[PDB]
$ cat data04.csv   # CSV, C-alpha atoms
chain,number,residue,atom,x,y,z
A,2,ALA,CA,-22.1,-28.2,25.8
A,3,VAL,CA,-18.8,-28.5,27.7
A,4,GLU,CA,-16.3,-25.7,27.9
A,5,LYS,CA,-12.9,-26.5,26.4
A,6,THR,CA,-9.5,-25.1,27.4
A,7,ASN,CA,-8.5,-24.9,23.7
A,8,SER,CA,-10.2,-23.1,20.8
A,9,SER,CA,-9.6,-26.0,18.4
A,10,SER,CA,-12.7,-27.3,16.7
A,11,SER,CA,-14.0,-28.9,13.5
A,12,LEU,CA,-13.8,-27.4,10.0
A,13,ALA,CA,-17.4,-26.2,10.1
A,14,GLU,CA,-16.5,-23.1,12.2
A,15,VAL,CA,-13.5,-22.4,10.0
A,16,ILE,CA,-15.6,-22.5,6.9
A,17,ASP,CA,-18.2,-20.3,8.5
A,18,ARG,CA,-15.7,-17.7,9.6
A,19,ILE,CA,-14.0,-17.8,6.2
A,20,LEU,CA,-17.3,-17.3,4.3
A,21,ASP,CA,-18.9,-14.6,6.6
A,22,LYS,CA,-16.1,-12.1,6.3
A,23,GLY,CA,-15.9,-12.5,2.5
A,24,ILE,CA,-13.0,-13.0,0.1
A,25,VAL,CA,-12.3,-11.1,-3.1
A,26,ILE,CA,-9.1,-10.8,-5.2
A,27,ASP,CA,-8.8,-8.4,-8.1
A,28,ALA,CA,-6.0,-8.7,-10.7
A,29,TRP,CA,-5.6,-6.5,-13.7
A,30,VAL,CA,-2.8,-5.3,-16.1
A,31,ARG,CA,-2.8,-2.4,-18.5
A,32,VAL,CA,-0.3,-1.7,-21.2
A,33,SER,CA,-0.2,1.5,-23.2
A,34,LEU,CA,2.0,3.1,-25.7
A,35,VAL,CA,2.6,6.8,-26.8
A,36,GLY,CA,-0.6,7.6,-24.9
A,37,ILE,CA,-2.9,4.9,-26.4
A,38,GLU,CA,-3.4,1.4,-25.0
A,39,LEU,CA,-3.2,-1.8,-27.0
A,40,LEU,CA,-4.4,-4.3,-24.4
A,41,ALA,CA,-6.0,-4.4,-21.0
A,42,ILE,CA,-6.8,-7.5,-18.9
A,43,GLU,CA,-8.9,-7.4,-15.7
A,44,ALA,CA,-10.6,-10.1,-13.6
A,45,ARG,CA,-11.5,-11.0,-10.0
A,46,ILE,CA,-12.3,-14.0,-7.9
A,47,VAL,CA,-15.0,-13.9,-5.2
A,48,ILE,CA,-15.9,-16.3,-2.4
A,49,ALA,CA,-18.3,-14.9,0.1
A,50,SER,CA,-21.7,-15.2,1.7
A,51,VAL,CA,-24.8,-15.1,-0.6
A,52,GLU,CA,-26.1,-11.9,1.2
A,53,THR,CA,-23.3,-9.7,-0.1
A,54,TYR,CA,-23.6,-10.9,-3.7
A,55,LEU,CA,-27.1,-9.4,-4.0
A,56,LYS,CA,-25.6,-6.1,-2.9
A,57,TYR,CA,-22.8,-6.4,-5.4
A,58,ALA,CA,-25.3,-7.2,-8.2
A,59,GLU,CA,-27.5,-4.2,-7.3
A,60,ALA,CA,-24.4,-2.0,-7.1
A,61,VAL,CA,-23.6,-3.1,-10.7
A,62,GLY,CA,-27.3,-3.2,-11.5
A,63,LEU,CA,-28.2,-6.9,-11.9
A,64,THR,CA,-30.6,-6.9,-8.9
A,65,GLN,CA,-33.8,-4.9,-9.1
A,66,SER,CA,-33.2,-1.3,-8.0
B,2,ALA,CA,-12.7,-19.8,28.0
B,3,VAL,CA,-9.4,-20.1,29.8
B,4,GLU,CA,-6.8,-17.3,30.0
B,5,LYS,CA,-3.4,-18.1,28.5
B,6,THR,CA,0.0,-16.8,29.4
B,7,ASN,CA,0.9,-16.6,25.7
B,8,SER,CA,-0.8,-14.8,22.8
B,9,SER,CA,-0.1,-17.7,20.4
B,10,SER,CA,-3.3,-19.1,18.8
B,11,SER,CA,-4.6,-20.7,15.6
B,12,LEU,CA,-4.4,-19.2,12.1
B,13,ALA,CA,-8.0,-18.0,12.2
B,14,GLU,CA,-7.1,-14.9,14.2
B,15,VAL,CA,-4.0,-14.2,12.1
B,16,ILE,CA,-6.2,-14.3,9.0
B,17,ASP,CA,-8.8,-12.1,10.5
B,18,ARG,CA,-6.2,-9.5,11.7
B,19,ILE,CA,-4.6,-9.6,8.2
B,20,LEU,CA,-7.9,-9.1,6.4
B,21,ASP,CA,-9.5,-6.4,8.5
B,22,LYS,CA,-6.6,-3.9,8.2
B,23,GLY,CA,-6.4,-4.4,4.5
B,24,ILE,CA,-3.5,-4.9,2.1
B,25,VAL,CA,-2.9,-3.1,-1.2
B,26,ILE,CA,0.3,-2.8,-3.2
B,27,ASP,CA,0.7,-0.4,-6.2
B,28,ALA,CA,3.4,-0.8,-8.8
B,29,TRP,CA,3.9,1.5,-11.9
B,30,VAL,CA,6.6,2.6,-14.2
B,31,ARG,CA,6.6,5.5,-16.7
B,32,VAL,CA,9.2,6.1,-19.4
B,33,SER,CA,9.2,9.3,-21.4
B,34,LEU,CA,11.5,10.9,-24.0
B,35,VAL,CA,12.1,14.5,-25.0
B,36,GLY,CA,8.8,15.4,-23.2
B,37,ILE,CA,6.5,12.7,-24.6
B,38,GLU,CA,6.0,9.2,-23.2
B,39,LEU,CA,6.2,6.0,-25.2
B,40,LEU,CA,5.0,3.5,-22.6
B,41,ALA,CA,3.4,3.5,-19.1
B,42,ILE,CA,2.6,0.4,-17.0
B,43,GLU,CA,0.5,0.5,-13.8
B,44,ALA,CA,-1.1,-2.1,-11.7
B,45,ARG,CA,-2.0,-3.0,-8.1
B,46,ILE,CA,-2.9,-6.0,-6.0
B,47,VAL,CA,-5.6,-5.8,-3.3
B,48,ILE,CA,-6.4,-8.2,-0.4
B,49,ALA,CA,-8.8,-6.7,2.1
B,50,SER,CA,-12.3,-7.0,3.7
B,51,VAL,CA,-15.3,-6.9,1.4
B,52,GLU,CA,-16.6,-3.7,3.1
B,53,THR,CA,-13.8,-1.5,1.8
B,54,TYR,CA,-14.2,-2.7,-1.8
B,55,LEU,CA,-17.7,-1.2,-2.0
B,56,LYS,CA,-16.1,2.1,-0.9
B,57,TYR,CA,-13.3,1.7,-3.5
B,58,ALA,CA,-15.9,0.9,-6.2
B,59,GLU,CA,-18.0,3.9,-5.4
B,60,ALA,CA,-14.9,6.1,-5.2
B,61,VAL,CA,-14.2,4.9,-8.8
B,62,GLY,CA,-17.9,4.9,-9.6
B,63,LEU,CA,-18.8,1.2,-9.9
B,64,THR,CA,-21.1,1.2,-6.9
B,65,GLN,CA,-24.3,3.3,-7.2
B,66,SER,CA,-23.8,6.8,-6.1
C,2,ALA,CA,-2.9,-11.8,29.5
C,3,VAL,CA,0.4,-12.2,31.3
C,4,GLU,CA,3.1,-9.6,31.4
C,5,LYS,CA,6.4,-10.5,29.9
C,6,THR,CA,9.9,-9.2,30.8
C,7,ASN,CA,10.8,-9.1,27.0
C,8,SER,CA,9.1,-7.2,24.2
C,9,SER,CA,9.6,-10.1,21.8
C,10,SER,CA,6.3,-11.4,20.2
C,11,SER,CA,4.9,-12.9,17.0
C,12,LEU,CA,5.1,-11.5,13.5
C,13,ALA,CA,1.6,-10.1,13.6
C,14,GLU,CA,2.6,-7.0,15.7
C,15,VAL,CA,5.7,-6.5,13.5
C,16,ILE,CA,3.4,-6.5,10.4
C,17,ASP,CA,1.0,-4.1,12.0
C,18,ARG,CA,3.6,-1.6,13.1
C,19,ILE,CA,5.2,-1.8,9.7
C,20,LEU,CA,1.9,-1.2,7.9
C,21,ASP,CA,0.5,1.5,10.1
C,22,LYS,CA,3.4,3.9,9.7
C,23,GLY,CA,3.5,3.5,5.9
C,24,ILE,CA,6.4,2.8,3.5
C,25,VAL,CA,7.0,4.7,0.2
C,26,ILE,CA,10.2,4.9,-1.9
C,27,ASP,CA,10.6,7.2,-4.9
C,28,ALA,CA,13.3,6.7,-7.5
C,29,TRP,CA,13.7,9.0,-10.6
C,30,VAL,CA,16.5,10.0,-12.9
C,31,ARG,CA,16.5,12.9,-15.4
C,32,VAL,CA,19.1,13.4,-18.2
C,33,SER,CA,19.2,16.7,-20.1
C,34,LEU,CA,21.5,18.1,-22.8
C,35,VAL,CA,22.2,21.8,-23.8
C,36,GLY,CA,19.1,22.7,-21.9
C,37,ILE,CA,16.6,20.2,-23.3
C,38,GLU,CA,16.0,16.7,-21.9
C,39,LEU,CA,16.0,13.5,-23.9
C,40,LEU,CA,14.8,11.0,-21.3
C,41,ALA,CA,13.2,11.0,-17.8
C,42,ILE,CA,12.4,8.0,-15.7
C,43,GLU,CA,10.3,8.2,-12.5
C,44,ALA,CA,8.6,5.6,-10.3
C,45,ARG,CA,7.7,4.7,-6.7
C,46,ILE,CA,6.8,1.8,-4.5
C,47,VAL,CA,4.1,2.0,-1.8
C,48,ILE,CA,3.3,-0.4,1.0
C,49,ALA,CA,1.0,1.2,3.6
C,50,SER,CA,-2.4,1.1,5.3
C,51,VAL,CA,-5.5,1.3,3.1
C,52,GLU,CA,-6.6,4.5,4.8
C,53,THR,CA,-3.8,6.6,3.4
C,54,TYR,CA,-4.3,5.4,-0.1
C,55,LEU,CA,-7.7,7.1,-0.3
C,56,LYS,CA,-6.0,10.3,0.8
C,57,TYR,CA,-3.3,9.8,-1.9
C,58,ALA,CA,-5.9,9.2,-4.6
C,59,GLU,CA,-7.9,12.2,-3.6
C,60,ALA,CA,-4.7,14.3,-3.6
C,61,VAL,CA,-4.1,13.1,-7.1
C,62,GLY,CA,-7.8,13.2,-7.9
C,63,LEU,CA,-8.9,9.6,-8.2
C,64,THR,CA,-11.2,9.7,-5.1
C,65,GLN,CA,-14.3,11.9,-5.4
C,66,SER,CA,-13.5,15.4,-4.3
D,2,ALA,CA,7.0,-3.8,31.7
D,3,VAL,CA,10.4,-4.4,33.4
D,4,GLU,CA,13.2,-1.9,33.4
D,5,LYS,CA,16.5,-3.0,31.8
D,6,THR,CA,20.0,-2.0,32.5
D,7,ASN,CA,20.8,-1.9,28.8
D,8,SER,CA,19.2,0.1,26.0
D,9,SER,CA,19.4,-2.9,23.5
D,10,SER,CA,16.0,-3.9,22.1
D,11,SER,CA,14.5,-5.4,19.0
D,12,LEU,CA,14.6,-4.0,15.5
D,13,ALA,CA,11.2,-2.3,15.7
D,14,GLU,CA,12.4,0.6,17.7
D,15,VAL,CA,15.5,1.0,15.4
D,16,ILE,CA,13.2,1.1,12.4
D,17,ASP,CA,10.9,3.6,14.1
D,18,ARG,CA,13.7,5.9,15.1
D,19,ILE,CA,15.2,5.6,11.6
D,20,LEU,CA,11.9,6.5,9.8
D,21,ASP,CA,10.7,9.3,12.1
D,22,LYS,CA,13.7,11.5,11.7
D,23,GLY,CA,13.7,11.0,7.9
D,24,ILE,CA,16.4,10.2,5.3
D,25,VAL,CA,17.1,12.0,2.0
D,26,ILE,CA,20.2,12.0,-0.1
D,27,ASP,CA,20.7,14.3,-3.1
D,28,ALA,CA,23.3,13.7,-5.9
D,29,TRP,CA,23.8,15.9,-8.9
D,30,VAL,CA,26.5,16.7,-11.4
D,31,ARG,CA,26.7,19.7,-13.8
D,32,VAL,CA,29.1,20.0,-16.7
D,33,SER,CA,29.4,23.2,-18.7
D,34,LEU,CA,31.7,24.6,-21.4
D,35,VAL,CA,32.6,28.1,-22.5
D,36,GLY,CA,29.6,29.3,-20.5
D,37,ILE,CA,26.9,26.9,-21.8
D,38,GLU,CA,26.2,23.5,-20.4
D,39,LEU,CA,25.9,20.2,-22.4
D,40,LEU,CA,24.6,17.9,-19.7
D,41,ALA,CA,23.2,18.0,-16.2
D,42,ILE,CA,22.2,15.0,-14.0
D,43,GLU,CA,20.3,15.3,-10.7
D,44,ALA,CA,18.4,12.8,-8.5
D,45,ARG,CA,17.6,12.0,-4.9
D,46,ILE,CA,16.5,9.1,-2.7
D,47,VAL,CA,14.0,9.5,0.1
D,48,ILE,CA,13.1,7.2,3.0
D,49,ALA,CA,11.0,8.9,5.6
D,50,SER,CA,7.6,9.0,7.4
D,51,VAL,CA,4.5,9.4,5.3
D,52,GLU,CA,3.6,12.7,7.0
D,53,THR,CA,6.5,14.6,5.6
D,54,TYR,CA,5.9,13.5,2.0
D,55,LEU,CA,2.5,15.3,1.9
D,56,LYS,CA,4.5,18.4,2.9
D,57,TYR,CA,7.1,17.8,0.2
D,58,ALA,CA,4.4,17.3,-2.4
D,59,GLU,CA,2.5,20.5,-1.4
D,60,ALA,CA,5.8,22.3,-1.4
D,61,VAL,CA,6.3,21.1,-5.0
D,62,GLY,CA,2.6,21.4,-5.7
D,63,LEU,CA,1.3,17.8,-5.9
D,64,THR,CA,-0.9,18.1,-2.8
D,65,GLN,CA,-3.9,20.4,-2.9
D,66,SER,CA,-2.9,24.0,-1.9

$ encode --input "data04.csv" --output "structure tokens"
Amino acid sequence: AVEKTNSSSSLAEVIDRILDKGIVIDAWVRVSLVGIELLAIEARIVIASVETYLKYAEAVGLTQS
Amino acid sequence: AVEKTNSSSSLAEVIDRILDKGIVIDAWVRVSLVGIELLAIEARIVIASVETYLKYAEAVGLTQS
Amino acid sequence: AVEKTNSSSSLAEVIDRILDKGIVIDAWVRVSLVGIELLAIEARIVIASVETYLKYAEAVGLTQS
Amino acid sequence: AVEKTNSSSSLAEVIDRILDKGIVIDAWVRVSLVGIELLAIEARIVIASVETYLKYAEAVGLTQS
């Protein structure tokens, strides 16, 4: 272990710091007419650590609770 | 760890400071006639930390509460 | 950390100071005839911190209250 | 922090001093005939700090009061 004057390193630390903080993007569009809706699209993309997905699933009920 | 005269660094800190404070943009348009509406569009885009999305979902009821 | 004679910095601080104070623009037009209206358009665009959107939603009733 | 002989600075302070004092422009036209009106247009544009919009909304009743 030798200290470095620069914070540059390999991609392993970049991947770790990307995964630990978690990434999720939600996109949805709703179209309605005269009060009623005729279509509704909704989706999301998730890339995060495995620990938070258990918590997501138990929030939505997949995990035992 | 060596102190630097300039605050410039890699993109990891930029990504972290972007994600922690949270980003959300809401766009919607409503058109009405003689009192009644014939169409209404509404949507939003969210890019933030995973911690605040649990709070959003429990505010809207997805998370267990 | 080295003091600078000029306040110029990167775009991160500009983005932070833009987002913290909040931005919202409201545009609406109403057309009426002989007392009654035949059309009414209203919309707004919001770009602000995530903290104030919970307060907006609870003011309009989306957040639990 | 170094004192300057001139008050010139970046655009951040200009934006802050523009937003804090608040901007609102109201435009409306009313046309009437033999006592009764046949049309009336009214609109306004607002660009100000988020704090005063809560006060506007509670004045018009949107905010809880």

$ closest_residue --input "data04.csv" --among "C:30, C:16, C:24, C:35" --to "residue D:52" --atoms "all atoms listed in the file"
C:24

$ residues_around --input "data04.csv" --residues "stretch 2-12 of chain B" --least-positions-apart "6" --cutoff "7 Å" --atoms "all atoms listed in the file" --output "PyMOL selection string"
(chain A and resi 4-6) or (chain C and resi 2-3)

$ residues_around --input "data04.csv" --residues "residue A:38" --least-positions-apart "3" --cutoff "12 Å" --atoms "all atoms listed in the file" --output "number ranges by chain"
A: 30-35, 41-42; B: 39-43

$ closest_residue --input "data04.csv" --among "D:61, D:55, D:44, D:25" --to "chain C" --atoms "all atoms listed in the file"
D:44

$ atom_distance --input "data04.csv" --atom1 "atom CA of residue C:50" --atom2 "atom CA of residue A:28"
19.1 Å

$ atom_distance --input "data04.csv" --atom1 "atom CA of residue A:45" --atom2 "atom CA of residue B:46"
10.7 Å

$ atom_distance --input "data04.csv" --atom1 "atom CA of residue D:27" --atom2 "atom CA of residue D:64"
21.9 Å

$ decode --input "data04.csv" --residues "stretch 4-41 of chain B" --atoms "N, CA, C and O atoms" --output "mmCIF file, in the first residue's frame"
data_model
loop_
_atom_site.group_PDB
_atom_site.id
_atom_site.type_symbol
_atom_site.label_atom_id
_atom_site.label_comp_id
_atom_site.auth_asym_id
_atom_site.auth_seq_id
_atom_site.Cartn_x
_atom_site.Cartn_y
_atom_site.Cartn_z
ATOM 1 N N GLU B 4 -3.236 17.634 -0.549
ATOM 2 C CA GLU B 4 -4.095 18.782 -0.797
ATOM 3 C C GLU B 4 -3.780 19.403 -2.152
ATOM 4 O O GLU B 4 -2.625 19.438 -2.584
ATOM 5 N N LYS B 5 -4.818 19.895 -2.822
ATOM 6 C CA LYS B 5 -4.691 20.508 -4.135
ATOM 7 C C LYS B 5 -5.172 21.950 -4.078
ATOM 8 O O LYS B 5 -6.121 22.271 -3.355
ATOM 9 N N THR B 6 -4.511 22.818 -4.845
ATOM 10 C CA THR B 6 -4.905 24.219 -4.914
ATOM 11 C C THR B 6 -6.190 24.431 -5.702
ATOM 12 O O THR B 6 -6.778 25.514 -5.614
ATOM 13 N N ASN B 7 -6.638 23.433 -6.459
ATOM 14 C CA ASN B 7 -7.838 23.536 -7.272
ATOM 15 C C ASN B 7 -8.822 22.443 -6.880
ATOM 16 O O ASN B 7 -8.429 21.348 -6.464
ATOM 17 N N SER B 8 -10.109 22.751 -7.019
ATOM 18 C CA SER B 8 -11.178 21.829 -6.658
ATOM 19 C C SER B 8 -11.512 20.841 -7.768
ATOM 20 O O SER B 8 -12.399 20.002 -7.583
ATOM 21 N N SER B 9 -10.835 20.925 -8.912
ATOM 22 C CA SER B 9 -11.103 20.009 -10.011
ATOM 23 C C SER B 9 -10.739 18.582 -9.619
ATOM 24 O O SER B 9 -9.710 18.343 -8.982
ATOM 25 N N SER B 10 -11.591 17.635 -10.001
ATOM 26 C CA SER B 10 -11.385 16.227 -9.694
ATOM 27 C C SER B 10 -11.999 15.397 -10.815
ATOM 28 O O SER B 10 -12.322 15.910 -11.891
ATOM 29 N N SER B 11 -12.159 14.101 -10.561
ATOM 30 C CA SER B 11 -12.727 13.192 -11.542
ATOM 31 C C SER B 11 -14.246 13.350 -11.597
ATOM 32 O O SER B 11 -14.839 14.197 -10.922
ATOM 33 N N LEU B 12 -14.886 12.518 -12.417
ATOM 34 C CA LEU B 12 -16.332 12.571 -12.590
ATOM 35 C C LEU B 12 -17.093 11.859 -11.481
ATOM 36 O O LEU B 12 -18.313 12.031 -11.386
ATOM 37 N N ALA B 13 -16.414 11.061 -10.652
ATOM 38 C CA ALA B 13 -17.105 10.336 -9.592
ATOM 39 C C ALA B 13 -17.748 11.291 -8.594
ATOM 40 O O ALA B 13 -18.910 11.113 -8.211
ATOM 41 N N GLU B 14 -17.008 12.318 -8.168
ATOM 42 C CA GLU B 14 -17.565 13.289 -7.233
ATOM 43 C C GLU B 14 -18.684 14.104 -7.869
ATOM 44 O O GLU B 14 -19.663 14.435 -7.193
ATOM 45 N N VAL B 15 -18.563 14.426 -9.161
ATOM 46 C CA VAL B 15 -19.636 15.137 -9.853
ATOM 47 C C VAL B 15 -20.903 14.292 -9.874
ATOM 48 O O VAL B 15 -22.004 14.788 -9.598
ATOM 49 N N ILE B 16 -20.767 13.003 -10.187
ATOM 50 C CA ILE B 16 -21.921 12.111 -10.200
ATOM 51 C C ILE B 16 -22.530 12.004 -8.807
ATOM 52 O O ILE B 16 -23.757 12.025 -8.649
ATOM 53 N N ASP B 17 -21.687 11.885 -7.780
ATOM 54 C CA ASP B 17 -22.197 11.760 -6.418
ATOM 55 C C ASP B 17 -22.960 13.009 -5.988
ATOM 56 O O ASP B 17 -24.054 12.909 -5.415
ATOM 57 N N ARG B 18 -22.403 14.196 -6.252
ATOM 58 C CA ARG B 18 -23.078 15.429 -5.865
ATOM 59 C C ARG B 18 -24.313 15.697 -6.715
ATOM 60 O O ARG B 18 -25.215 16.410 -6.267
ATOM 61 N N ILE B 19 -24.360 15.169 -7.936
ATOM 62 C CA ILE B 19 -25.576 15.264 -8.734
ATOM 63 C C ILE B 19 -26.661 14.363 -8.160
ATOM 64 O O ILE B 19 -27.821 14.769 -8.022
ATOM 65 N N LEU B 20 -26.294 13.133 -7.791
ATOM 66 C CA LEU B 20 -27.296 12.153 -7.383
ATOM 67 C C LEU B 20 -27.826 12.426 -5.980
ATOM 68 O O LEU B 20 -29.017 12.224 -5.717
ATOM 69 N N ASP B 21 -26.964 12.874 -5.060
ATOM 70 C CA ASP B 21 -27.396 13.011 -3.671
ATOM 71 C C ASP B 21 -28.474 14.079 -3.519
ATOM 72 O O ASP B 21 -29.440 13.894 -2.770
ATOM 73 N N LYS B 22 -28.329 15.205 -4.223
ATOM 74 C CA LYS B 22 -29.288 16.296 -4.085
ATOM 75 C C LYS B 22 -30.598 16.023 -4.813
ATOM 76 O O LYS B 22 -31.605 16.670 -4.509
ATOM 77 N N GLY B 23 -30.611 15.088 -5.760
ATOM 78 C CA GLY B 23 -31.843 14.691 -6.412
ATOM 79 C C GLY B 23 -32.302 15.615 -7.521
ATOM 80 O O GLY B 23 -32.185 16.839 -7.410
ATOM 81 N N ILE B 24 -32.829 15.036 -8.598
ATOM 82 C CA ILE B 24 -33.328 15.785 -9.744
ATOM 83 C C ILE B 24 -34.714 15.263 -10.094
ATOM 84 O O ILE B 24 -34.921 14.047 -10.176
ATOM 85 N N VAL B 25 -35.658 16.176 -10.300
ATOM 86 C CA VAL B 25 -37.002 15.813 -10.739
ATOM 87 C C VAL B 25 -37.580 16.971 -11.539
ATOM 88 O O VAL B 25 -37.489 18.132 -11.128
ATOM 89 N N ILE B 26 -38.154 16.654 -12.697
ATOM 90 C CA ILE B 26 -38.767 17.647 -13.572
ATOM 91 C C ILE B 26 -40.182 17.196 -13.897
ATOM 92 O O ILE B 26 -40.385 16.070 -14.361
ATOM 93 N N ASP B 27 -41.152 18.077 -13.665
ATOM 94 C CA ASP B 27 -42.562 17.794 -13.900
ATOM 95 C C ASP B 27 -43.073 18.663 -15.040
ATOM 96 O O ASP B 27 -42.887 19.884 -15.025
ATOM 97 N N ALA B 28 -43.715 18.033 -16.024
ATOM 98 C CA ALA B 28 -44.294 18.740 -17.158
ATOM 99 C C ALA B 28 -45.723 18.262 -17.367
ATOM 100 O O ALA B 28 -45.973 17.055 -17.446
ATOM 101 N N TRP B 29 -46.653 19.209 -17.471
ATOM 102 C CA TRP B 29 -48.052 18.862 -17.661
ATOM 103 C C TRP B 29 -48.767 20.011 -18.356
ATOM 104 O O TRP B 29 -48.420 21.180 -18.174
ATOM 105 N N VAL B 30 -49.770 19.655 -19.154
ATOM 106 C CA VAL B 30 -50.584 20.613 -19.892
ATOM 107 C C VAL B 30 -52.044 20.199 -19.788
ATOM 108 O O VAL B 30 -52.386 19.023 -19.960
ATOM 109 N N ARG B 31 -52.909 21.172 -19.513
ATOM 110 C CA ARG B 31 -54.342 20.946 -19.393
ATOM 111 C C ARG B 31 -55.078 21.885 -20.337
ATOM 112 O O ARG B 31 -54.809 23.092 -20.354
ATOM 113 N N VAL B 32 -56.002 21.332 -21.118
ATOM 114 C CA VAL B 32 -56.819 22.097 -22.053
ATOM 115 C C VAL B 32 -58.282 21.855 -21.713
ATOM 116 O O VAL B 32 -58.723 20.703 -21.627
ATOM 117 N N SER B 33 -59.031 22.939 -21.524
ATOM 118 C CA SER B 33 -60.434 22.864 -21.148
ATOM 119 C C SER B 33 -61.250 23.813 -22.013
ATOM 120 O O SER B 33 -60.734 24.793 -22.558
ATOM 121 N N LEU B 34 -62.540 23.507 -22.133
ATOM 122 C CA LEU B 34 -63.445 24.308 -22.946
ATOM 123 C C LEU B 34 -64.788 24.429 -22.242
ATOM 124 O O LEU B 34 -65.286 23.447 -21.683
ATOM 125 N N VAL B 35 -65.344 25.645 -22.253
ATOM 126 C CA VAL B 35 -66.638 26.014 -21.670
ATOM 127 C C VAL B 35 -66.822 25.392 -20.285
ATOM 128 O O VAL B 35 -67.948 25.155 -19.835
ATOM 129 N N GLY B 36 -65.716 25.149 -19.586
ATOM 130 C CA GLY B 36 -65.785 24.611 -18.242
ATOM 131 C C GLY B 36 -65.279 23.190 -18.114
ATOM 132 O O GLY B 36 -64.684 22.828 -17.095
ATOM 133 N N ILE B 37 -65.506 22.374 -19.138
ATOM 134 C CA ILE B 37 -65.094 20.977 -19.126
ATOM 135 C C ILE B 37 -63.786 20.840 -19.889
ATOM 136 O O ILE B 37 -63.467 21.640 -20.778
ATOM 137 N N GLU B 38 -63.008 19.827 -19.529
ATOM 138 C CA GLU B 38 -61.741 19.550 -20.187
ATOM 139 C C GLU B 38 -61.899 18.395 -21.167
ATOM 140 O O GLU B 38 -62.697 17.479 -20.953
ATOM 141 N N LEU B 39 -61.133 18.454 -22.253
ATOM 142 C CA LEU B 39 -61.133 17.404 -23.259
ATOM 143 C C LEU B 39 -59.835 16.611 -23.300
ATOM 144 O O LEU B 39 -59.814 15.526 -23.891
ATOM 145 N N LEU B 40 -58.761 17.118 -22.700
ATOM 146 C CA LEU B 40 -57.499 16.396 -22.653
ATOM 147 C C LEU B 40 -56.675 16.925 -21.489
ATOM 148 O O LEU B 40 -56.868 18.056 -21.037
ATOM 149 N N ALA B 41 -55.750 16.093 -21.016
ATOM 150 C CA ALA B 41 -54.866 16.465 -19.915
ATOM 151 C C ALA B 41 -53.664 15.534 -19.945
ATOM 152 O O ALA B 41 -53.823 14.315 -19.834
#
